[PDB]
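A.B. asks: all I have is the shape, not the residue letters:
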Ligand SMILES: [Cl-]
Ligand SMILES: [Cl-]
């Protein structure tokens, strides 16, 4: 029932942790069982085959980040607050991983990129949710003259170190919640279709 | 004199091309003279040893980018225009490499990454010049309440795909001068020390 599905989700979480510890390859049903405190026979009740475990870890890889985005969009926060939290909450989790072990963040990025369907789905879903925020912001009068698609691109290009994991890795020591707050304020109060002299 | 310095720069350019193709591992000093058209003895007048040549190659690696930054800073453009040109003119040269062949840009990145001191120096000089643009903008009234150091960091963080080469590579297909112009306008009209609601309801 729900206790079974709660346990399966808990096992997938332990499996993701082992993958990160090992630097990618080396996950076995043997070690998962040993780490989870269950037997190999009991583990097969949750993962019938090794392949099912491998599928589960791939499907769950970016799920924690998806949940964070879903929670932010489901909140009652105004668009500016939503945009900040949309990036900030994910940044905080990734920074924590890097603070504990920079190699675990490296592994997280490397493994994630090998999961074709999942990483592409995640990136696409992220843009979809960013669009929902931008659309509401526009009804409030922000981003005057811009289309949602071009604004999604502009925001992704202005917030890259707080979102794109390879950029985040490069900039990590210089990143902060204080700086991201400044950026989001600058996006909201500075981004529009009105040419203001950058080129003329 | 002036002739000696032109030939030395020609030799550094040829040597740089050889290093990009094969590394220093393939930089035959007899071939540098042979591929530049001069004598090996005549090549000794420009570089005493191989170490002198390798240092010249490393020291000039980022010079095209330095020249661009110096040209922008030396101009009479207002700070907003300077900030745009400071990023755009370098971006345009990098995109041009990638357009010729994405491998050309990757090679430029990897070879440059080995010159760790020269990379560091370049970034430091870049921050110096961006700092000068920011200082002038501040005198005009921009970036109210912010310090120069934190503003340099904030601008670098907002323009990262147009400057950080690995990020530029990833974003390349989606980058444009039009988009960079929008970002610079947003930096100038949007960035300041006044909290405006990103982090709490009090700011809104
Ligand atoms: Cl983009
Ligand atoms: Cl920075």
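C.D. replies: Good, I have the coordinates. Numbering: from 1, shown residues only, chains lettered A, B, ... in the order given. Ligands and ions are numbered 1, 2, ... in the order given.

A.B. asks: now chain A against ligand 2: closest residue?
C.D. replies: residue A:174 (3.8 Å; Cβ to the ion). Where you see a C-beta, it was placed from the backbone N, CA and C, and this is true even at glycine.

A.B. asks: I'd guessed that residue sits against residue B:155; true?
C.D. replies: No: between residue A:174 and residue B:155 there is no contact under Cβ atoms under 8 Å: 11.9 Å.

A.B. asks: residue A:116: neighbour count?
C.D. replies: 9 (other Cβ atoms under 10 Å in any protein chain shown).

A.B. asks: with the one 3 residues further on instead?
C.D. replies: Neighbours of residue A:119 under the rule other Cβ under 10 Å: 17.

A.B. asks: isn't it up against residue A:109?
C.D. replies: No: the pair residue A:119 / residue A:109 is not scored as a contact, 9.7 Å apart, by Cβ under 8 Å.

A.B. asks: which one's the longest helix in chain A?
C.D. replies: Longest helix in chain A by number of residues (criterion: DSSP state H): helix A:116-139.

A.B. asks: let me know whether that helix sits next to ligand 1.
C.D. replies: No: counting by Cβ under 5 Å from the ion, ligand 1 is not contacted by helix A:116-139; separation bottoms out at 8.9 Å.

A.B. asks: do that helix and chain B meet?
C.D. replies: No: Helix A:116-139 stays clear of chain B (Cβ under 8 Å from any Cβ of the partner chain), getting no nearer than 11.2 Å.

A.B. asks: next secondary structure after that helix?
C.D. replies: With elements assigned by DSSP states H and E, the helix or strand that comes after helix A:116-139 is helix A:148-158.

A.B. asks: got the contact list for that following helix?
C.D. replies: Contact partners of helix A:148-158, identified using Cβ atoms under 8 Å, 6 or more residues apart in numbering or on different chains, comprise A:83, A:127, A:130-131, A:134-135, A:138, A:143, A:146, A:163-164, A:183, A:186-187, A:191, B:158-162, B:171, B:174-175, B:179, B:182-183, B:186.

A.B. asks: show me which residues of chain A sit near ligand 1.
C.D. replies: Checking chain A against ligand 1 by Cβ under 5 Å from the ion, the hits are A:153, A:156.

A.B. asks: what's the helix or strand for the residue most central in space within chain A?
C.D. replies: Most central in chain A under Cα atoms, centre = their mean is residue A:65, positioned 3.5 Å from the mean C-alpha point. For residue A:65, the element it lies in under DSSP H and E is helix A:63-74.

A.B. asks: just the angle for that helix relative to helix A:116-139, thanks.
C.D. replies: Put simply, helix A:63-74 runs at 20 degrees to helix A:116-139, going by axes from the mean of the first three to the mean of the last three Cα atoms, to 10 degrees.

A.B. asks: for helix A:63-74, which positions count as buried?
C.D. replies: A:65, A:66, A:68, A:69, A:72, A:73 (16 or more other Cβ atoms under 10 Å in any protein chain shown).

A.B. asks: can you pull the contacts of whichever residue of chain A sits closest to chain B?
C.D. replies: Closest approach between chain A and chain B, counting by Cβ to the nearest Cβ: residue A:190, at 2.3 Å. For residue A:190, the contacting residues are B:185, B:186, B:187, B:188, B:189, B:190, B:191, by Cβ under 8 Å, 6+ apart.

A.B. asks: sorry, back to before: any chance of the buried residues of helix A:63-74 in JSON lines, with distance to chain B too?
C.D. replies: Formatted as JSON lines, the buried residues of helix A:63-74 follow (distance: Cβ to the nearest Cβ, whole Å):
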{"residue": "A:65", "distance to chain B": "18"}
{"residue": "A:66", "distance to chain B": "21"}
{"residue": "A:68", "distance to chain B": "17"}
{"residue": "A:69", "distance to chain B": "17"}
{"residue": "A:72", "distance to chain B": "13"}
{"residue": "A:73", "distance to chain B": "17"}
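
A.B. asks: now, the most widely separated pair of those?
C.D. replies: Farthest pair in the buried residues of helix A:63-74 (Cβ to Cβ) is A:65 and A:73. Separation: 12.9 Å.

A.B. asks: how far off centre is the longest helix of chain A?
C.D. replies: If you compare the mean C-alpha spot of helix A:116-139 with that of the full chain, they lie 11 Å apart, counting by Cα atoms, centre = their mean, to the nearest Å.

A.B. asks: contact partners of that helix?
C.D. replies: A:58-59, A:61-62, A:65-66, A:69-70, A:72-73, A:79-80, A:82-83, A:86, A:112-113, A:143, A:146, A:148-149, A:151-152, A:155-156, A:163, A:188.

A.B. asks: please enumerate the helices of chain A.
C.D. replies: Here chain A has its helices, by DSSP H, at A:2-22, A:29-36, A:40-43, A:50-60, A:63-74, A:79-100, A:102-114, A:116-139, A:148-158, A:165-171, A:177-190.

A.B. asks: pick the most deeply packed of those helices.
C.D. replies: Mean neighbour counts were taken over the helices of chain A using mean count of other Cβ atoms under 10 Å in any protein chain shown, and the top value, a mean of 22, falls to helix A:177-190.

A.B. asks: that'll do, ta.
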